[PDB]
Every structure is written in structure tokens, then in C-alpha cells.
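**Student:** The following file, input_26.tsv, comprises TSV, C-alpha atoms and all ligand atoms:
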chain	number	residue	atom	x	y	z
W	1	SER	CA	112.06	129.95	43.39
W	2	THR	CA	110.93	132.11	46.31
W	3	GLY	CA	109.03	135.32	46.96
W	4	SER	CA	108.77	137.82	49.77
W	5	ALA	CA	106.36	140.73	50.23
W	6	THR	CA	105.65	143.23	53.00
W	7	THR	CA	102.06	143.36	54.29
W	8	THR	CA	100.83	146.55	55.98
W	9	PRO	CA	97.73	147.08	58.15
W	10	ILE	CA	95.08	149.19	56.47
W	11	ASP	CA	94.24	151.25	59.60
W	12	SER	CA	95.16	151.85	63.23
W	13	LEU	CA	93.08	148.84	64.36
W	14	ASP	CA	94.70	146.21	62.13
W	15	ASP	CA	91.27	145.52	60.61
W	16	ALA	CA	93.02	144.01	57.57
W	17	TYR	CA	96.42	143.77	55.90
W	18	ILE	CA	97.27	144.63	52.28
W	19	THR	CA	100.17	143.34	50.19
W	20	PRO	CA	101.27	144.82	46.81
W	21	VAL	CA	100.70	142.39	43.91
W	22	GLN	CA	101.90	142.85	40.33
W	23	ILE	CA	99.36	141.82	37.67
W	24	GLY	CA	99.77	141.93	33.90
W	25	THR	CA	102.42	143.13	31.43
W	26	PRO	CA	103.62	145.84	31.94
W	27	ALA	CA	102.89	145.38	35.67
W	28	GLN	CA	99.81	146.92	37.25
W	29	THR	CA	100.34	147.02	40.99
W	30	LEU	CA	97.29	146.42	43.21
W	31	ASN	CA	97.09	146.09	47.01
W	32	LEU	CA	95.38	142.80	47.81
W	33	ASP	CA	94.16	141.27	51.08
W	34	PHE	CA	95.81	137.84	51.41
W	35	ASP	CA	93.05	135.53	52.64
W	36	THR	CA	93.77	131.98	53.86
W	37	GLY	CA	90.00	131.57	54.32
W	38	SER	CA	89.03	131.73	50.63
W	39	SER	CA	90.36	130.57	47.31
W	40	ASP	CA	89.54	133.24	44.72
W	41	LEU	CA	91.91	135.91	43.40
W	42	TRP	CA	89.59	138.77	42.48
W	43	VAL	CA	90.21	142.45	41.81
W	44	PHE	CA	88.45	145.67	41.15
W	45	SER	CA	88.75	146.22	37.42
W	46	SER	CA	87.74	148.41	34.49
W	47	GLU	CA	84.58	146.17	34.24
W	48	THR	CA	83.41	147.24	37.76
W	49	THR	CA	80.02	149.06	37.91
W	50	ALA	CA	81.44	152.62	38.16
W	51	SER	CA	79.08	153.35	41.06
W	52	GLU	CA	80.70	150.59	43.16
W	53	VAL	CA	84.28	151.94	42.90
W	54	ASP	CA	85.35	154.58	45.45
W	55	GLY	CA	89.11	155.15	45.30
W	56	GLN	CA	90.37	151.65	44.50
W	57	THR	CA	93.12	150.95	42.00
W	58	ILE	CA	91.50	148.97	39.17
W	59	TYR	CA	92.98	146.25	36.96
W	60	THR	CA	92.62	147.06	33.26
W	61	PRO	CA	93.06	143.84	31.25
W	62	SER	CA	92.88	145.81	27.91
W	63	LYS	CA	96.19	147.60	28.91
W	64	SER	CA	97.95	144.19	29.57
W	65	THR	CA	99.62	142.28	26.66
W	66	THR	CA	99.44	138.91	28.49
W	67	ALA	CA	95.75	139.06	29.55
W	68	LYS	CA	93.36	136.53	28.00
W	69	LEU	CA	89.64	136.28	28.62
W	70	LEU	CA	88.73	132.83	29.94
W	71	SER	CA	85.76	132.45	27.64
W	72	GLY	CA	82.48	131.52	29.36
W	73	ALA	CA	83.86	131.36	32.91
W	74	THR	CA	82.11	133.33	35.65
W	75	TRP	CA	82.47	133.46	39.43
W	76	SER	CA	80.32	134.50	42.36
W	77	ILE	CA	81.35	134.55	46.03
W	78	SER	CA	79.85	135.43	49.41
W	79	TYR	CA	81.89	135.78	52.60
W	80	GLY	CA	81.08	135.02	56.23
W	81	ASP	CA	80.37	138.75	56.99
W	82	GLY	CA	77.58	139.06	54.30
W	83	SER	CA	79.95	140.75	51.73
W	84	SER	CA	79.78	139.45	48.12
W	85	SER	CA	81.43	139.92	44.66
W	86	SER	CA	81.08	138.25	41.21
W	87	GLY	CA	82.18	138.74	37.55
W	88	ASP	CA	84.12	137.14	34.67
W	89	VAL	CA	87.64	135.74	34.44
W	90	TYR	CA	90.94	136.52	32.77
W	91	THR	CA	94.22	134.72	32.86
W	92	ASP	CA	97.37	136.82	33.18
W	93	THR	CA	100.78	137.00	34.77
W	94	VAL	CA	100.79	137.58	38.53
W	95	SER	CA	103.89	138.21	40.64
W	96	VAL	CA	104.08	138.47	44.41
W	97	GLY	CA	107.31	139.71	45.91
W	98	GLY	CA	109.39	138.55	42.91
W	99	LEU	CA	107.64	135.15	42.53
W	100	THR	CA	105.92	134.76	39.11
W	101	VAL	CA	102.93	132.63	37.97
W	102	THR	CA	101.96	132.76	34.29
W	103	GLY	CA	98.40	131.91	33.34
W	104	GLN	CA	96.90	132.73	36.75
W	105	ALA	CA	93.13	133.04	36.90
W	106	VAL	CA	92.43	136.71	37.67
W	107	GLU	CA	88.77	137.17	38.55
W	108	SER	CA	87.49	140.66	37.47
W	109	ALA	CA	84.59	142.28	39.49
W	110	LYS	CA	81.42	143.38	37.54
W	111	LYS	CA	79.62	143.81	40.93
W	112	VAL	CA	80.86	144.16	44.60
W	113	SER	CA	78.82	144.60	47.77
W	114	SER	CA	78.78	147.89	49.83
W	115	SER	CA	81.47	146.83	52.39
W	116	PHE	CA	84.12	146.35	49.56
W	117	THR	CA	83.21	149.72	47.86
W	118	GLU	CA	83.45	151.54	51.27
W	119	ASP	CA	87.00	150.11	51.86
W	120	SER	CA	89.13	152.17	49.35
W	121	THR	CA	92.45	150.70	50.59
W	122	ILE	CA	91.69	147.10	49.44
W	123	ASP	CA	91.89	146.53	45.67
W	124	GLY	CA	90.97	142.86	45.91
W	125	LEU	CA	91.47	139.52	47.61
W	126	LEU	CA	94.13	136.86	47.04
W	127	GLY	CA	92.73	133.58	48.37
W	128	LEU	CA	95.14	131.06	49.88
W	129	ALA	CA	92.83	128.27	51.10
W	130	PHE	CA	92.60	125.00	49.12
W	131	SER	CA	91.59	125.25	45.47
W	132	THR	CA	88.49	123.11	46.03
W	133	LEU	CA	86.74	126.24	47.36
W	134	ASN	CA	87.37	128.28	44.17
W	135	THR	CA	84.12	129.67	42.81
W	136	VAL	CA	84.93	129.75	39.08
W	137	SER	CA	82.36	127.95	36.92
W	138	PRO	CA	82.25	125.74	34.86
W	139	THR	CA	86.01	125.11	35.23
W	140	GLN	CA	87.24	125.54	38.81
W	141	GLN	CA	90.57	127.37	38.99
W	142	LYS	CA	93.72	127.03	41.11
W	143	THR	CA	94.98	129.46	43.72
W	144	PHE	CA	98.21	131.42	43.31
W	145	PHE	CA	99.79	129.15	45.88
W	146	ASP	CA	98.74	125.96	44.06
W	147	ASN	CA	99.99	127.25	40.65
W	148	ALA	CA	103.32	128.48	42.22
W	149	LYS	CA	103.85	125.18	44.18
W	150	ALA	CA	105.63	123.47	41.23
W	151	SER	CA	108.39	126.21	41.16
W	152	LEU	CA	108.85	126.90	44.92
W	153	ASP	CA	112.00	125.65	46.76
W	154	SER	CA	109.61	124.32	49.47
W	155	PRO	CA	105.81	124.06	49.16
W	156	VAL	CA	105.17	126.48	52.06
W	157	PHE	CA	104.23	130.08	52.71
W	158	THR	CA	104.56	131.86	56.03
W	159	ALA	CA	102.49	134.64	57.62
W	160	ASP	CA	104.38	137.01	59.93
W	161	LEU	CA	101.71	139.60	60.80
W	162	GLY	CA	102.60	142.76	62.69
W	163	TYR	CA	100.85	144.35	65.67
W	164	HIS	CA	100.07	147.90	64.48
W	165	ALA	CA	103.09	147.49	62.21
W	166	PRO	CA	103.99	145.97	58.84
W	167	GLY	CA	104.71	142.28	58.46
W	168	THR	CA	105.84	139.71	55.87
W	169	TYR	CA	104.40	137.02	53.67
W	170	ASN	CA	107.13	134.63	52.36
W	171	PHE	CA	106.67	131.95	49.70
W	172	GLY	CA	108.91	128.92	49.34
W	173	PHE	CA	111.19	129.29	52.42
W	174	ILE	CA	111.01	129.57	56.25
W	175	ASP	CA	112.97	132.56	57.73
W	176	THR	CA	114.93	131.13	60.79
W	177	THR	CA	115.61	134.73	62.08
W	178	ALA	CA	111.83	135.66	62.12
W	179	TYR	CA	110.90	133.51	65.22
W	180	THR	CA	112.33	132.55	68.65
W	181	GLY	CA	112.54	128.85	69.72
W	182	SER	CA	111.17	125.90	67.69
W	183	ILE	CA	108.18	125.59	65.34
W	184	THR	CA	105.41	123.22	66.54
W	185	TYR	CA	103.62	121.54	63.62
W	186	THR	CA	100.05	120.25	63.90
W	187	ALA	CA	97.84	118.23	61.57
W	188	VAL	CA	95.51	119.94	59.07
W	189	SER	CA	92.20	118.63	57.76
W	190	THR	CA	91.45	119.72	54.20
W	191	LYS	CA	87.97	118.15	54.39
W	192	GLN	CA	86.19	121.51	54.21
W	193	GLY	CA	88.70	123.32	51.98
W	194	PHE	CA	90.18	125.35	54.90
W	195	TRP	CA	93.47	125.25	56.83
W	196	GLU	CA	91.58	123.43	59.59
W	197	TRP	CA	93.35	122.24	62.75
W	198	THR	CA	92.71	121.44	66.41
W	199	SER	CA	93.95	123.59	69.27
W	200	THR	CA	94.76	121.69	72.45
W	201	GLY	CA	93.35	124.16	75.00
W	202	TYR	CA	93.42	127.67	76.39
W	203	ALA	CA	94.24	129.80	79.41
W	204	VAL	CA	92.95	133.20	80.57
W	205	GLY	CA	95.65	135.56	81.81
W	206	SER	CA	97.75	133.75	84.39
W	207	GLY	CA	95.03	131.16	85.08
W	208	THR	CA	95.62	127.44	84.69
W	209	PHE	CA	95.58	125.86	81.26
W	210	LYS	CA	92.36	124.04	80.37
W	211	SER	CA	93.07	121.02	78.16
W	212	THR	CA	90.25	120.81	75.61
W	213	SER	CA	90.09	120.28	71.86
W	214	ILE	CA	89.00	123.30	69.81
W	215	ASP	CA	88.63	122.69	66.09
W	216	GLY	CA	89.12	125.88	64.05
W	217	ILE	CA	90.63	127.41	60.89
W	218	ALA	CA	93.65	129.63	60.36
W	219	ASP	CA	92.15	132.66	58.55
W	220	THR	CA	94.30	135.69	57.78
W	221	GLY	CA	91.22	137.21	56.17
W	222	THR	CA	89.20	137.52	59.40
W	223	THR	CA	90.08	140.23	61.85
W	224	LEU	CA	89.03	138.77	65.19
W	225	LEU	CA	89.33	135.53	67.16
W	226	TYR	CA	86.03	133.55	67.25
W	227	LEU	CA	85.83	130.73	69.83
W	228	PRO	CA	83.07	128.66	71.49
W	229	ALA	CA	80.70	130.46	73.84
W	230	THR	CA	82.06	128.70	76.94
W	231	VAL	CA	85.63	129.82	76.25
W	232	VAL	CA	84.67	133.40	75.41
W	233	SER	CA	82.45	133.72	78.50
W	234	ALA	CA	85.37	132.53	80.68
W	235	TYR	CA	87.65	135.21	79.19
W	236	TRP	CA	85.26	138.17	79.49
W	237	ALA	CA	84.22	137.16	83.02
W	238	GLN	CA	87.72	138.30	84.05
W	239	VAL	CA	87.23	141.90	82.76
W	240	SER	CA	85.38	144.25	85.13
W	241	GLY	CA	82.21	145.48	83.45
W	242	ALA	CA	82.53	143.45	80.26
W	243	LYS	CA	79.25	142.35	78.73
W	244	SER	CA	77.73	140.97	75.56
W	245	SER	CA	75.69	143.65	73.78
W	246	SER	CA	72.82	142.97	71.37
W	247	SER	CA	73.12	146.51	70.02
W	248	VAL	CA	76.78	146.26	69.11
W	249	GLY	CA	76.92	142.59	68.10
W	250	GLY	CA	79.43	141.18	70.58
W	251	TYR	CA	81.34	141.62	73.78
W	252	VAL	CA	82.25	145.20	74.77
W	253	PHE	CA	84.20	146.38	77.79
W	254	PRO	CA	84.93	149.70	79.57
W	255	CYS	CA	87.81	151.34	77.74
W	256	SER	CA	89.45	152.08	81.13
W	257	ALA	CA	89.93	148.33	81.81
W	258	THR	CA	93.13	146.32	81.36
W	259	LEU	CA	92.65	143.14	79.35
W	260	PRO	CA	94.29	139.86	80.42
W	261	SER	CA	96.23	137.88	77.87
W	262	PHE	CA	94.83	134.76	76.20
W	263	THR	CA	96.82	131.58	75.63
W	264	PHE	CA	95.96	128.88	73.11
W	265	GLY	CA	97.53	125.46	72.73
W	266	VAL	CA	99.32	124.07	69.70
W	267	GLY	CA	100.15	120.48	70.57
W	268	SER	CA	102.32	120.74	73.68
W	269	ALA	CA	103.28	124.36	72.95
W	270	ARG	CA	101.53	127.58	74.01
W	271	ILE	CA	100.96	130.80	72.06
W	272	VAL	CA	100.25	133.83	74.26
W	273	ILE	CA	98.16	136.69	72.86
W	274	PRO	CA	99.00	139.90	74.80
W	275	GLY	CA	95.93	141.61	76.22
W	276	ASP	CA	96.70	144.72	74.15
W	277	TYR	CA	96.01	142.74	70.97
W	278	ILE	CA	92.43	142.14	72.12
W	279	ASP	CA	91.54	145.87	72.36
W	280	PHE	CA	89.75	147.10	69.24
W	281	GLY	CA	89.06	150.57	70.60
W	282	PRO	CA	85.87	152.59	71.10
W	283	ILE	CA	82.70	151.26	69.49
W	284	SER	CA	82.07	154.83	68.17
W	285	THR	CA	84.22	157.98	68.15
W	286	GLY	CA	84.29	159.36	71.74
W	287	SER	CA	82.64	156.32	73.35
W	288	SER	CA	83.94	154.96	76.64
W	289	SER	CA	82.79	151.45	75.53
W	290	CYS	CA	85.46	149.45	73.68
W	291	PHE	CA	85.07	146.47	71.35
W	292	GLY	CA	86.65	143.13	72.17
W	293	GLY	CA	88.91	141.10	69.95
W	294	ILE	CA	87.63	137.71	71.19
W	295	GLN	CA	84.03	136.96	70.18
W	296	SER	CA	81.71	133.96	70.16
W	297	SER	CA	81.64	131.62	67.19
W	298	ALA	CA	78.15	130.41	68.11
W	299	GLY	CA	76.41	132.19	65.23
W	300	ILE	CA	79.08	131.28	62.63
W	301	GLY	CA	79.27	127.50	62.87
W	302	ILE	CA	83.07	127.45	62.82
W	303	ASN	CA	85.83	128.58	65.18
W	304	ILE	CA	88.15	131.10	63.50
W	305	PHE	CA	91.74	131.87	64.53
W	306	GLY	CA	91.87	135.25	62.75
W	307	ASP	CA	94.48	138.00	62.72
W	308	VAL	CA	94.18	138.58	66.49
W	309	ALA	CA	95.59	135.11	67.13
W	310	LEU	CA	97.80	134.77	64.07
W	311	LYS	CA	99.69	138.07	64.61
W	312	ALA	CA	100.91	136.77	67.95
W	313	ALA	CA	102.86	134.02	66.11
W	314	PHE	CA	105.11	133.09	63.20
W	315	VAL	CA	102.79	130.81	61.17
W	316	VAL	CA	103.90	128.22	58.59
W	317	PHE	CA	101.30	127.02	56.08
W	318	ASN	CA	102.86	123.78	54.80
W	319	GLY	CA	101.25	122.68	51.54
W	320	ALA	CA	103.07	119.36	51.28
W	321	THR	CA	101.04	116.33	50.23
W	322	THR	CA	100.15	115.89	53.90
W	323	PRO	CA	99.47	119.57	54.82
W	324	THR	CA	100.41	120.85	58.28
W	325	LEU	CA	100.32	124.18	60.17
W	326	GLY	CA	103.41	125.42	62.07
W	327	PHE	CA	103.41	127.83	65.02
W	328	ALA	CA	106.31	129.58	66.72
W	329	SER	CA	106.52	132.44	69.13
W	330	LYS	CA	108.25	135.60	68.01
H	1	LIG	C1	82.54	147.93	67.29
H	1	LIG	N1	82.89	147.94	65.89
H	1	LIG	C2	83.12	149.21	65.22
H	1	LIG	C3	82.99	146.69	65.17
H	1	LIG	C4	81.80	146.00	64.95
H	1	LIG	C5	81.81	144.79	64.27
H	1	LIG	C6	83.01	144.26	63.81
H	1	LIG	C7	84.23	144.96	64.03
H	1	LIG	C8	85.44	144.40	63.55
H	1	LIG	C9	86.64	145.05	63.75
H	1	LIG	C10	86.66	146.27	64.42
H	1	LIG	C11	85.49	146.83	64.90
H	1	LIG	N2	85.59	148.10	65.59
H	1	LIG	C12	85.37	148.18	67.02
H	1	LIG	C13	85.94	149.28	64.84
H	1	LIG	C14	84.23	146.15	64.70
Please render this file's structure as C-alpha cells.
Ligand SMILES: CN(C)c1cccc2cccc(N(C)C)c12
**Tutor:**
Amino acid sequence: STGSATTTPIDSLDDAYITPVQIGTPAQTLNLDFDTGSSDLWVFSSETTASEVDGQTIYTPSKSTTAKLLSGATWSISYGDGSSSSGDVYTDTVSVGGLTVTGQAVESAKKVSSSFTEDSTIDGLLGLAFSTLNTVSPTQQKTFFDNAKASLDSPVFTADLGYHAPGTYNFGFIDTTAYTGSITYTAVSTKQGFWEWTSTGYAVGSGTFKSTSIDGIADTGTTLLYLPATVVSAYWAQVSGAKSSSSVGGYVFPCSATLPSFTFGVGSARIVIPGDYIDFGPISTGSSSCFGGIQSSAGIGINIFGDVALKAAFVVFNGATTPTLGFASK
């Protein structure tokens, strides 16, 4: 079996991407943020504190004939950005792009933090990291990808994210017409529950490539690219007037500047992020100070290849027994 779904940026900055997901019988269609950095499938629901819902589509398990309460199970999650959600758990049928999993754990939200309530375009998260990070207690649950693995033609999904444009998530097959050239595969460590890999270096603009190992995670759920302080300082040194700002929380640059590209290594291959992808626009409406897409990982503890890097490539997440990550230009 296979599945295929279009993913669409939520705003003009590509802050996140949403993908329609069918849940329940008859289908209730919610727009979920596919997140390779977490492993919980949770949704706004009819059990959400009414005051914490502002425009989201809610899942209503009482209107679904296949929903079953997973008795006693609860879940609680906090994300890197300080956002949080928790609640109880149903099982139900979940289909993504024609691909169906029966008995999927669907985590319903009793409480969500302020950032989730404020974002009315995101009805929930669909986690695609390894199931060992799933927060359901006392019985940890499987991700959609893990439950669908048995029925897939190939145990892979691919992320083809668009730059200010829609893109595609595919399950169970690799589209040969979606990328140029050959895919370079690199080893993944599952030690921490993430799609964790090691980049082989970087280059700023048309500068020379610096061979150096950068351990990081492939995270479709994080907007920006977060790299070690030395690398990020070398990039922003090339932009006239760029500076790190305490007030804003990261590097900013004069909006009138042109940004150089940024290259990262995947084995012997190179992925080039166009400078336009690194421009996240004015820090406030009307400001002449613009926010940068490459920021320091120093205060995070982990390097993150987020949407800024991933949207420059065709990315294969290979969930074979020995997992690997594939990168191709496009
Ligand atoms: C400056 N600013 C508004 C921001 C601050 C912190 C994180 C951000 C992440 C994505 C986009 C942003 N924009 C510039 C809108 C961010």
C-alpha cells in the first residue's frame, strides 16, 4: 500500500506546513502538522477546554463509529519552544492520502498551551520520530508510520517541502520524477528517538567548503536551521550589518541586504540552501530589521535541520531495520 498527501504552508513565511488527515468513521478531516521531531498524534477535540480553542477544527470521537476510549491512558508533552499539550487517548481509524491505519492511537487535547490556541490553522500534530518518544502512559503507543509500516510497499516516507508553495508527503514509495540526480543516503542514530545524522561540513555563499562533523536531527516540525555558534557566526559575518540581538532572540539583519546561500554536506554530496530561504522578513510590521533563518543551537543542546534546510531538498526517511536518511537536490 502507499499514500500521498499535499502539504501547504500555513502563512507567507513558511512557519509551518499542514496536511489534511482523515480521522474516524465517517471521516473527520483535520489539518495536522507532520512532525519528524516528535512521536505523538494529538488533535484538538470536543474535550478541549473551550477557552483554549480559537478557530481550530476539532475531532469529535462521539460522532465516530470506530472510536474507542483507551481506558486509563493519558499523555502529556512539552516541545522545544515551551509549548505543551496533554489529555486522554482514543483509538480510531486514521487515513493519510489514501493510506489507512486501523486502531491508531489518537491523543485528544484536554489542555493546550497559548501558542497552539493562537495558531488557528493547525488542528494538531502527527509525530513521525521513533515510537520510543511517545508520551502515552502507562502503555506507550506507536506512531502512524510504525503502525502503517507492515502494509507499505517500502518502509519509507519522503518529505518534499515547498518554498512558499505546497509540497508532498509520500508514504511507501520514492517518486523518481520529484528530484534531480542521485539520492545520497547517510546513517541514522536512533539512540535519542530522533532521525539523528551527521552532516559532513558547510560552506557560506561561494566560500570554500569546511569539512567538519555536525551531528543534528531532521525535524520537519521546526521552522529554522539551528547550528553551532561557530558556524552561525561565520555565516552572519558575511552579511553587512547583521548582528545577534538580545531583544529579538537571535540574529537579525538589515532588510535591504542580500543573503548568501548556505551549503551543508551529506556524505560526499552538497545541498545548497538559496539565500532567499534564509529571509524570514521584518521582525515587526514596518520594521527595516529582518529575522534570520539560521540561528545558534547553543541554548537548545541539539543541532536542528528544520524546514529551512529540508525544503531545499528531496528527503527520504528510510525506516528499514537499519534506518537511513536520503538527500537529493531538486
Ligand atoms: C522575529 N520573529 C517574529 C520571530 C521570532 C522568533 C521565532 C520566529 C520563527 C519564525 C519566524 C519568525 N518571524 C520573524 C516572524 C520568528
**Student:** Ranking W:50, W:252, W:178, W:32 by minimum distance to ligand LIG 1 (chain H) and counting all atoms listed in the file, which one comes first?
**Tutor:**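 Counting all atoms listed in the file, the residue closest to ligand LIG 1 (chain H) is W:252.
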**Student:** If you measure from atom CA of residue 308 of chain W to atom CA of residue 13 of chain W, what distance in Å do you get, rounded to one decimal?
**Tutor:**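 Atom CA of residue 308 of chain W sits 10.5 Å away from atom CA of residue 13 of chain W.
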**Student:** Between atom CA of residue 220 of chain W and atom CA of residue 159 of chain W, what distance in Å does the model show, to one decimal?
**Tutor:** 8.3 Å
**Student:** Work out how far apart atom CA of residue 60 of chain W and atom CA of residue 43 of chain W are and give it in Å to one decimal.
**Tutor:**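 So the two atoms, atom CA of residue 60 of chain W and atom CA of residue 43 of chain W, lie 10.0 Å apart.
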**Student:** List as a PyMOL selection string the protein and nucleic acid residues lying within 7 Å of ligand LIG 1 (chain H), with all atoms listed in the file counted.
**Tutor:** chain W and resi 13+15+223-224+248-249+280-284+290-291
**Student:** Of the residues W:154, W:268, W:289, W:295, which is the one nearest to residue 236 of chain W, using all atoms listed in the file?
**Tutor:**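 Using all atoms listed in the file, the shortest distance to residue 236 of chain W belongs to W:295.
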**Student:** Measuring atom to atom with all atoms listed in the file, identify which of W:40, W:164, W:259, W:233 is nearest to residue 140 of chain W.
**Tutor:**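 Checking each of W:40, W:164, W:259, W:233 against residue 140 of chain W, counting all atoms listed in the file, the winner is W:40.
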**Student:** I want to know what sits within 12 Å of residue 88 of chain W, based on only C-alpha atoms, with residues of the same chain fewer than 2 positions away left out; could you give that as a ChimeraX atom specification?
**Tutor:** /W:41-48,61,68-77,85-86,90-91,105-111,135-138
**Student:** With C-alpha atoms retained, export the selected residues as a PDB file, in the coordinates of the input.
**Tutor:**
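Here's the written file selection.pdb:
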ATOM      1  CA  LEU W  41      91.910 135.910  43.400  1.00  0.00           C
ATOM      2  CA  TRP W  42      89.590 138.770  42.480  1.00  0.00           C
ATOM      3  CA  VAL W  43      90.210 142.450  41.810  1.00  0.00           C
ATOM      4  CA  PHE W  44      88.450 145.670  41.150  1.00  0.00           C
ATOM      5  CA  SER W  45      88.750 146.220  37.420  1.00  0.00           C
ATOM      6  CA  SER W  46      87.740 148.410  34.490  1.00  0.00           C
ATOM      7  CA  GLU W  47      84.580 146.170  34.240  1.00  0.00           C
ATOM      8  CA  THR W  48      83.410 147.240  37.760  1.00  0.00           C
ATOM      9  CA  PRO W  61      93.060 143.840  31.250  1.00  0.00           C
ATOM     10  CA  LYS W  68      93.360 136.530  28.000  1.00  0.00           C
ATOM     11  CA  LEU W  69      89.640 136.280  28.620  1.00  0.00           C
ATOM     12  CA  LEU W  70      88.730 132.830  29.940  1.00  0.00           C
ATOM     13  CA  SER W  71      85.760 132.450  27.640  1.00  0.00           C
ATOM     14  CA  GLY W  72      82.480 131.520  29.360  1.00  0.00           C
ATOM     15  CA  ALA W  73      83.860 131.360  32.910  1.00  0.00           C
ATOM     16  CA  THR W  74      82.110 133.330  35.650  1.00  0.00           C
ATOM     17  CA  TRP W  75      82.470 133.460  39.430  1.00  0.00           C
ATOM     18  CA  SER W  76      80.320 134.500  42.360  1.00  0.00           C
ATOM     19  CA  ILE W  77      81.350 134.550  46.030  1.00  0.00           C
ATOM     20  CA  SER W  85      81.430 139.920  44.660  1.00  0.00           C
ATOM     21  CA  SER W  86      81.080 138.250  41.210  1.00  0.00           C
ATOM     22  CA  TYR W  90      90.940 136.520  32.770  1.00  0.00           C
ATOM     23  CA  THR W  91      94.220 134.720  32.860  1.00  0.00           C
ATOM     24  CA  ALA W 105      93.130 133.040  36.900  1.00  0.00           C
ATOM     25  CA  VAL W 106      92.430 136.710  37.670  1.00  0.00           C
ATOM     26  CA  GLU W 107      88.770 137.170  38.550  1.00  0.00           C
ATOM     27  CA  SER W 108      87.490 140.660  37.470  1.00  0.00           C
ATOM     28  CA  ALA W 109      84.590 142.280  39.490  1.00  0.00           C
ATOM     29  CA  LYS W 110      81.420 143.380  37.540  1.00  0.00           C
ATOM     30  CA  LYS W 111      79.620 143.810  40.930  1.00  0.00           C
ATOM     31  CA  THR W 135      84.120 129.670  42.810  1.00  0.00           C
ATOM     32  CA  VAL W 136      84.930 129.750  39.080  1.00  0.00           C
ATOM     33  CA  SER W 137      82.360 127.950  36.920  1.00  0.00           C
ATOM     34  CA  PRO W 138      82.250 125.740  34.860  1.00  0.00           C
TER      35      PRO W 138
END
**Student:** Find, counting all atoms listed in the file, the residue in W:80, W:3, W:87, W:98 that gets nearest to residue 175 of chain W.
**Tutor:** W:3
**Student:** If you count all atoms listed in the file, which residues fall within 9 Å of residue 196 of chain W, apart from same-chain ones fewer than 6 positions away, as a list in words?
**Tutor:**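 The contact residues come out as residues 187, 188, 189, 190, 215, 216, 217, 218 and 325 of chain W.
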**Student:** Out of W:113, W:198, W:168, W:211, which residue has the shortest atom-to-atom distance to residue 302 of chain W when counting only C-alpha atoms?
**Tutor:** W:198
**Student:** From the options W:148, W:273, W:298, W:204, which residue's atoms come nearest to residue 250 of chain W, counting all atoms listed in the file?
**Tutor:**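 Checking each of W:148, W:273, W:298, W:204 against residue 250 of chain W, counting all atoms listed in the file, the winner is W:298.
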**Student:** Set the distance at 8 Å and use all atoms listed in the file: which residues neighbour segment 24-31 of chain W once local chain neighbours fewer than 6 positions away are removed? I'd like the list as a short mmCIF file (atom, residue, chain, number, x, y, z; two decimals) with C-alpha atoms, in the frame of the given file.
**Tutor:**
data_model
loop_
_atom_site.label_atom_id
_atom_site.label_comp_id
_atom_site.auth_asym_id
_atom_site.auth_seq_id
_atom_site.Cartn_x
_atom_site.Cartn_y
_atom_site.Cartn_z
CA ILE W 18 97.27 144.63 52.28
CA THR W 57 93.12 150.95 42.00
CA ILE W 58 91.50 148.97 39.17
CA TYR W 59 92.98 146.25 36.96
CA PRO W 61 93.06 143.84 31.25
CA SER W 64 97.95 144.19 29.57
CA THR W 65 99.62 142.28 26.66
CA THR W 66 99.44 138.91 28.49
CA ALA W 67 95.75 139.06 29.55
CA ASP W 92 97.37 136.82 33.18
CA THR W 93 100.78 137.00 34.77
CA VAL W 94 100.79 137.58 38.53
CA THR W 121 92.45 150.70 50.59
CA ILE W 122 91.69 147.10 49.44
CA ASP W 123 91.89 146.53 45.67
CA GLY W 124 90.97 142.86 45.91
#
**Student:** List as a list in words the protein and nucleic acid residues near residue 312 of chain W, meaning an atom at most 10 Å away when all atoms listed in the file are counted, but skip any in the same chain fewer than 4 places from it.
**Tutor:**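 Everything that qualifies: residues 160, 161, 162, 163, 271, 272, 273, 274, 277, 307, 308, 327, 328, 329 and 330 of chain W.
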**Student:** Skip residue 191 of chain W itself and residues of its chain fewer than 3 positions away, then list as a list in words all residues within 12 Å of it, counting only C-alpha atoms.
**Tutor:**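 In the requested format, the answer is residues 129, 130, 131, 132, 133, 188, 194, 195, 196, 197, 217 and 323 of chain W.
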**Student:** Generate N, CA and C atoms for segment 315-328 of chain W and emit them as an mmCIF file, keeping the file's coordinate frame.
**Tutor:**
data_model
loop_
_atom_site.group_PDB
_atom_site.id
_atom_site.type_symbol
_atom_site.label_atom_id
_atom_site.label_comp_id
_atom_site.auth_asym_id
_atom_site.auth_seq_id
_atom_site.Cartn_x
_atom_site.Cartn_y
_atom_site.Cartn_z
ATOM 1 N N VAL W 315 103.686 131.899 61.570
ATOM 2 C CA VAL W 315 102.790 130.810 61.170
ATOM 3 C C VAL W 315 103.262 130.247 59.834
ATOM 4 N N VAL W 316 103.533 128.942 59.810
ATOM 5 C CA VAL W 316 103.900 128.220 58.590
ATOM 6 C C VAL W 316 102.689 127.486 58.031
ATOM 7 N N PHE W 317 102.359 127.746 56.777
ATOM 8 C CA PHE W 317 101.300 127.020 56.080
ATOM 9 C C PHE W 317 102.018 126.027 55.158
ATOM 10 N N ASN W 318 102.067 124.765 55.537
ATOM 11 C CA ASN W 318 102.860 123.780 54.800
ATOM 12 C C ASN W 318 101.956 123.041 53.831
ATOM 13 N N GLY W 319 102.089 123.326 52.536
ATOM 14 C CA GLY W 319 101.250 122.680 51.540
ATOM 15 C C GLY W 319 101.830 121.413 50.935
ATOM 16 N N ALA W 320 102.626 120.678 51.706
ATOM 17 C CA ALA W 320 103.070 119.360 51.280
ATOM 18 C C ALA W 320 101.862 118.444 51.092
ATOM 19 N N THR W 321 102.131 117.248 50.564
ATOM 20 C CA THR W 321 101.040 116.330 50.230
ATOM 21 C C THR W 321 100.189 116.039 51.461
ATOM 22 N N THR W 322 100.823 115.882 52.618
ATOM 23 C CA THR W 322 100.150 115.890 53.900
ATOM 24 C C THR W 322 100.268 117.317 54.477
ATOM 25 N N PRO W 323 99.270 118.188 54.349
ATOM 26 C CA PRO W 323 99.470 119.570 54.820
ATOM 27 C C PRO W 323 99.601 119.607 56.328
ATOM 28 N N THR W 324 100.294 120.609 56.835
ATOM 29 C CA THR W 324 100.410 120.850 58.280
ATOM 30 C C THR W 324 100.513 122.364 58.478
ATOM 31 N N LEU W 325 100.169 122.772 59.674
ATOM 32 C CA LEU W 325 100.320 124.180 60.170
ATOM 33 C C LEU W 325 101.419 124.281 61.284
ATOM 34 N N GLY W 326 102.320 125.238 61.123
ATOM 35 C CA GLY W 326 103.410 125.420 62.070
ATOM 36 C C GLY W 326 103.206 126.675 62.889
ATOM 37 N N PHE W 327 103.510 126.648 64.175
ATOM 38 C CA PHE W 327 103.410 127.830 65.020
ATOM 39 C C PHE W 327 104.682 128.001 65.826
ATOM 40 N N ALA W 328 105.184 129.224 65.872
ATOM 41 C CA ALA W 328 106.310 129.580 66.720
ATOM 42 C C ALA W 328 106.037 130.928 67.353
#
